[PDB]
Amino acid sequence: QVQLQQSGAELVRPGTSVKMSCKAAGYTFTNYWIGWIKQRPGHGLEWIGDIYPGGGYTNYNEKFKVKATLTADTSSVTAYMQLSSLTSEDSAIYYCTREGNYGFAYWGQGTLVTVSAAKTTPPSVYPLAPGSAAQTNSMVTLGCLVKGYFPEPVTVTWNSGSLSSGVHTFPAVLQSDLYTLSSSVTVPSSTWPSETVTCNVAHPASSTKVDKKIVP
């Protein structure tokens, strides 16, 4: 069966270039067009261009003629897209597709590209207690604020993952060219502060782990 396998995620810096792959296995590779689609958060889907690995090769979008050159290797099945002059607005997920008469119908796994000049920095985590002056009614909600890290996600758990009920983690938000998020957990007042509650955060990029208890 046909299948499109794309290269891994590319975390790079602004101004530089990036080339990704798209291996086409399961059909006559040099007989179909290969289209490239961009999906950026907030701008839907966009078509960059197609390439025919035969004679007449490429056909580009208007806004993607200087950037995102296309090349193919008819010998070893692969399709390449060469991005250039990378700016922050080029962070998106890029798919390769096998174009047809009525559409694509055959997509690749996808390659996530992220561009930023932020140096890889470990996060700093701060407990979030409700405060002594409060009206804690039955359930008490605690937080773990994670600020100033780059890149990738941070894996946050509560009591090494033993406490997962009522846990809400929020998507990361870029701030001052550094990521930031927070997590919330609701526990009964009969348990806290009677029992300790800790958030464990792991930054696989910087390879750090921080466990900080929530104290009143």
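Counting begins at 1, following the sequence as shown.
The stretch with the higher mean CA B factor, choosing between 132-140 and 104-112, is 132-140. Averaged over their C-alpha atoms, the temperature factors of 24-32 and 41-49 are higher for 24-32. Residue 185 sits in the lowest third of its chain by CA B factor, as recorded in the PDB entry. In the PDB entry, residue 64 places in the middle third of its chain by CA B-factor.
Sorting the modelled residues of the chain by their CA temperature factor places residue 56 in the highest third. The PDB entry assigns residue 169 a C-alpha temperature factor belonging to the lowest third of its chain's modelled residues. Residue 86: CA B factor in the middle third of modelled residues in this chain (values from the PDB entry).
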